[PDB]
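Please read the structure below before turning to the comments.
Counting begins at 1 with the first residue of the sequence. Any value given below was found using the heavy atoms of this structure, including those in side chains, with hydrogens, waters and symmetry copies removed.
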Amino acid sequence: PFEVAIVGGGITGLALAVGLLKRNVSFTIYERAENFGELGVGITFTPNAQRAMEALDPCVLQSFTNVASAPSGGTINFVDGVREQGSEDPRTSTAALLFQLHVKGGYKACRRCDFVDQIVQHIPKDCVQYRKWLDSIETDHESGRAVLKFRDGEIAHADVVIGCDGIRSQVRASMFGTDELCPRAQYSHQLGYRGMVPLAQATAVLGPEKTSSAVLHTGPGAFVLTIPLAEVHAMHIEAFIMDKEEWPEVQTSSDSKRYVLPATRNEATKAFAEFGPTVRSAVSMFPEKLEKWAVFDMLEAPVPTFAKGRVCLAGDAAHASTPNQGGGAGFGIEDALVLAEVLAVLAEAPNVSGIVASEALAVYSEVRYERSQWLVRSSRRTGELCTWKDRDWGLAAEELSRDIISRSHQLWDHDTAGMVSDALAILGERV
Ligand SMILES: Cc1cc2nc3c(=O)[nH]c(=O)nc-3n(C[C@H](O)[C@H](O)[C@H](O)COP(=O)(O)OP(=O)(O)OC[C@H]3O[C@@H](n4cnc5c(N)ncnc54)[C@H](O)[C@@H]3O)c2cc1C
């Protein structure tokens, strides 16, 4: 009977796991770490991701809502962060509004560790094998089933292998290799500086007009998001600075060590010196010492497909993205939903051949591949729009609004139900 191996207990892998559990599909999660750690990064999930969470199972969405914070007002105001008018005190200034982005079906943010902790409560402990660092995959000569080989020297068998193992996926290496020309994530030239302050502090400094909703402050070479989270009485400040430099290469198993460097507030101060009072004040609210996150994506070196034989990729393993149109983790949840649904059809059969397993994964890839590639490219472009890379969009508000509203519609307002039904229709025709 049909066994799914999930490699990696990140958001993608855990979401899939709950999906399979609720559909009575046999699986095991293989996780290299001793536990799921404590990475507390804020991830914003968009309406499409929330629908996918619910379709996986109500408890996946519940796990998220249990820990997520809604911003005070639900529209994102795009402003020109340079041409703020009226005063040098943000409390008395007028924001230079470009356009308002209304989200249909809500966005919320959570700490990654909080959501993981929630989802993990719905997965039996025996379904997770820790200290299982996937190193290679072979085919069983006798059975033709997949053979996972771990760094500890042990093996395991499965009918399908789902690489949910993140931006530096070993499953991806198994499928396509890891030479200099191989598919991989590379630096997107975007550096993130993040901080949380009391909402009362932000209001004191900026005035309640500027803390009453999310605001994305656009400008030359850099942008800031100020996101009021009234239910934890916090203001989240996120600054992204565009960096034409390459990112210093470090050889390390740790993504934190690979993608993060110490910084000072001065780097942000300098980056936003030509911006208006609101942005300068927001950046001033950072700690003096902080970290900078180098954002990597798979724009330049994508994978050619998400499936090959009995093996496939989901989440950051398949399509690590910039977060400029919401966290890529959300589209990992879409991936997990399609997989959960297709794998459940296979699990219902008494015997599943290698051929049929491979065809099923191919259907998953056909459904997700181009939409995923578009996420990576569109999110990159959104960052270029917000940092005025090729145009001063402060002078082209209506053109900017049409571009961002359209890209957001394509990404966020997707027919999640239709996606799954399409996958299953195609699967039914092909097997
Ligand atoms: C420092 C840092 C800051 C970030 N900040 C943001 C942010 O601000 N916003 C945002 O949207 N996203 C952010 N992210 C990314 C976010 O964490 C992921 O996009 C999200 O978790 C979805 O990734 P995933 O589930 O596909 O894979 P991951 O979260 O990478 O999970 C992969 C899992 O697989 C495991 N694994 C890896 N290789 C193997 C192997 N060979 N065998 C077994 N297990 C393996 C890992 O231990 C991990 O548990 C950040 C990431 C890092 C590292």
Are a donor atom and an acceptor atom from the side chains of [X] and [Y] found within less than 3.5 Å of each other?
X	Y	value
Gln190	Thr322	no
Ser213	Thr75	no
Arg258	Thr252	no
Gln121	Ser63	no

Single hit among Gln100, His217, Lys210 for side chain to side chain donor-acceptor pair (under 3.5 Å) with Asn77: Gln100
Rounded to the nearest 0.5 Å, what separation is found between the OH atom of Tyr107 and the OG1 atom of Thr46? 11.5 Å
Salt bridge or not between [X] and [Y]? Use side-chain N to carboxylate O under 4.0 Å.
X	Y	answer
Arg168	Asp255	yes
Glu366	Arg430	yes
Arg381	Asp390	yes
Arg23	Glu341	yes
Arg368	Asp335	yes

Show your working on salt bridge (charged side-chain N to carboxylate O under 4.0 Å, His left out) between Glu399 and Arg402 and close with a plain yes or no. CA-CA 5 Å; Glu399 186 177 353; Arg402 293 189 168 149; over 6 Å; no
Please evaluate residues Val160 and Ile162 with respect to the criterion side-chain contact (heavy atoms from CB on, under 4.5 Å), reporting the C-alpha separation (whole Å), side-chain torsions for both, the decisive distance (0.1 Å), and the verdict. CA-CA 7 Å; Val160 288; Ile162 323 299; 4.1 Å; yes
So, does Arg112 use its side chain to make a donor-acceptor pair with the main chain of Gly40 at under 3.5 Å? no
Would you check, one step at a time, whether the test side-chain contact (heavy atoms from CB on, under 4.5 Å) holds for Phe2 with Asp159? CA-CA 6 Å; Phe2 183 76; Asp159 296 286; 3.7 Å; yes
Single hit among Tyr259, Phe296, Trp293 for ring pair (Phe, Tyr, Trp, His ring centres under 6.0 Å) with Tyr187: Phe296
Do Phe306 and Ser372 touch side chain to side chain, with heavy atoms closer than 4.5 Å? yes
4.5 Å side-chain heavy-atom contact, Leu14 and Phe36: yes
Cation-pi check, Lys132 onto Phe150 ring (under 6.0 Å, within 45° of axis): yes
Ring centroid separation for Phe115 and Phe45, is it under 6.0 angstrom? yes
